[PDB]
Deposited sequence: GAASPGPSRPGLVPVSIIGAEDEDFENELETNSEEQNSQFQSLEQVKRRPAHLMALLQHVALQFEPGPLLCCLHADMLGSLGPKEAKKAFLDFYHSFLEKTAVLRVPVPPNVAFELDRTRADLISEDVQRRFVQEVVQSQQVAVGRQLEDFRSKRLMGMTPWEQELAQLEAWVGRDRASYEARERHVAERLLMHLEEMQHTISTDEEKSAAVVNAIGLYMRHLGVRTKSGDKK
């Protein structure tokens, strides 16, 4: 982004020579393609905020080629759904054209998804986000082989997806809300190529 040299020498600057010199999460439309990066975000949210809005967006946009709307309405829009999301007073009453409805649920989750991506970004910089190691190591990768990169992303996602599964006793006191999330995340990851 642009670097600058220090004016006066600091006594312990050489102790952090390779630690110095630091837009991957600006929009969901950007990270929704990266499986590994998403698992870093998906963790932060699932753990700190309410997985509703974010998962909803992912399962929603997952549509693009039927029965999906069946399970979708049963996990997010259902008045009694586990991962209930705050929907507009408009469609709440009103419950092909399916297009308008899905689109109308996503837009209401924009402010929430946007506000969590920012929170992640903030933490990112301060170094208060998990998996920064694997995340960074997956960045300094050179190669004339494109398809090979995407290949390792899938394996990384697997490692994280499992690490987030085995140990998930922090999502919420609810012993069931956690099953819904892992499952939801599970399903979407499978849409990218992550083995389960």
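- Unmodelled regions of the deposited sequence, numbered from residue 1: 1-9, 32-37, 81-86, 117-126, 228-233.
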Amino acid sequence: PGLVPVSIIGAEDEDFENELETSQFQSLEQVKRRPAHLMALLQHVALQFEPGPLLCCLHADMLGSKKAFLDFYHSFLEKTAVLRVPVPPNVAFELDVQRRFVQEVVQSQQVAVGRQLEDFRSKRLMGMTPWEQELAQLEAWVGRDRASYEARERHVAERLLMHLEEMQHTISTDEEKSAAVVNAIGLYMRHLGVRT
From here on, numbers count along this sequence of modelled residues.
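- Here 127-135 and 167-175 are compared by their mean Cα B-factor, and 167-175 comes out higher.
- In this entry, the higher average B-factor at the C-alpha atoms falls on 145-153, of the pair 145-153 and 50-58.
- The residue among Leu38, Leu63, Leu160, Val45 whose C-alpha carries the highest B-factor in the deposited model is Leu63.
- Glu21: CA B factor lies in the highest third for its chain, per the PDB record.
- In this PDB entry, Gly193 carries a Cα temperature factor that places it within the middle third of its chain's modelled residues.
- Sort the modelled residues of the chain by CA B factor and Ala112 lands in the lowest third.
- Remark: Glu118 belongs to the lowest third of its chain, ranked by C-alpha B-factor as recorded.
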